[PDB]
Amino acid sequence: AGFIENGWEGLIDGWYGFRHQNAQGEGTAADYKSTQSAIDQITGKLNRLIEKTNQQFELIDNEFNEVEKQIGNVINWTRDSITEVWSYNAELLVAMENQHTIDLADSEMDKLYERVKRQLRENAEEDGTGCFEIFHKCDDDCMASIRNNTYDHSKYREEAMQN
């Protein structure tokens, strides 16, 4: 939300994908290994919070026959106190995790970008909206090789330098 000024509702394939456009034609394909890493991490959070206590609590109150008021009042006072605390814990935990979920998603993008950028030596230059400019028409063999991190960083170089 800044230079990738929006996102692709069409990308039903995964979380993170490629969208190329050379002469050859079109393409949109998810990057599963970046998708998974993020997915694996939301998974991590969910296993730390879908969580089961092994702490039994019993009854100290009585709903059918009220206990003495004084002890009743201390008991209610304690319960209320401990409710305030857990409502606090719950809301903060949710807010804190959601910031970090968000912040970790974007950080998975910015880190995919800069790895593709680093594959493409000087054979290319950053557009300014999270897109890459090739100065040599790249075919669709050359594509899935940009994708499956193989593309040669000096074996297309010279040609593109010129342009």
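A residue's number is simply how far along the shown sequence it sits, counting from 1.
Trainee: Would you determine, from the values in the PDB entry, which of 101-109 and 29-37 has the greater average C-alpha temperature factor?
Mentor: Higher mean C-alpha B-factor in the PDB entry: 29-37.
Trainee: Taking the mean of the C-alpha B-factors per stretch from the entry, tell me the winner out of 139-147 and 8-16.
Mentor: The stretch with the larger mean CA B-factor is 139-147.
Trainee: Per the coordinate record, which of the options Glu58, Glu63, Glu133, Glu68 holds the highest CA temperature factor?
Mentor: Within the set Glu58, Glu63, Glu133, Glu68, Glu133 shows the top C-alpha B-factor.
Trainee: Which third of the chain holds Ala124 when residues are ordered by C-alpha B factor: lowest, middle or highest?
Mentor: Ranked within chain, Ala124 CA B lands in the highest tercile.
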